[PDB]
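Laid out below as structure tokens are two forms of one and the same protein chain, each shown alone and named structure 1 and structure 2.
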Structure 1
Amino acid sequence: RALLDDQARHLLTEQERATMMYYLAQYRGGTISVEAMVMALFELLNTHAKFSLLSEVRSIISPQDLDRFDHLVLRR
């Protein structure tokens, strides 16, 4: 959770960081699927540098959801 929070602070505004943390908490809370979370992040992460945050997000999602995450989020 530290590698992501550190990276988000450098690449996102406070408001954009609040949006990312909101969707991540909705996903962790079981309200939304990993796919709904990914789609929300695609709407938030508009620049090339911002897209790099999804590799940090990958490290904090449930291991059983990694294949679904990778199916929508390009790994390299």
Structure 2
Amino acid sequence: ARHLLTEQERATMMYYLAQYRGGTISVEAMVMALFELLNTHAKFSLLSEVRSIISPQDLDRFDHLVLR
């Protein structure tokens, strides 16, 4: 599950690192793409893991804050 999530994001990181090392994208473009990727990982871990210990009356507030 999480390892399959990790593998998909590492394959995406590698796609951007390869474009960078191949000289098709700039270092700035590459760093911004990695940050976008890591931000999606952060939001997804909060929704799939941290959410489990949130009190039921706060579940709606938590989901909107995490996604927005």
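Note that the rigid core is defined as the largest set of C-alphas that superpose within 1.5 Å between two forms. The first residue in the sequence of structure 1 is number 1, and each one after it adds one.
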Return yes or no for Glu56: a CA shift of at least 2 Å between structures 1 and 2, with the rigid core superposed? yes
Core-aligned CA displacement of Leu66 at least 2 Å between structures 1 and 2: yes
After superposing on the core, C-alpha shift for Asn46 between structures 1 and 2 in angstrom: 2.0
When the rigid core is overlaid, by how much has the CA of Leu24 moved between structures 1 and 2, in Å to one decimal? 0.3
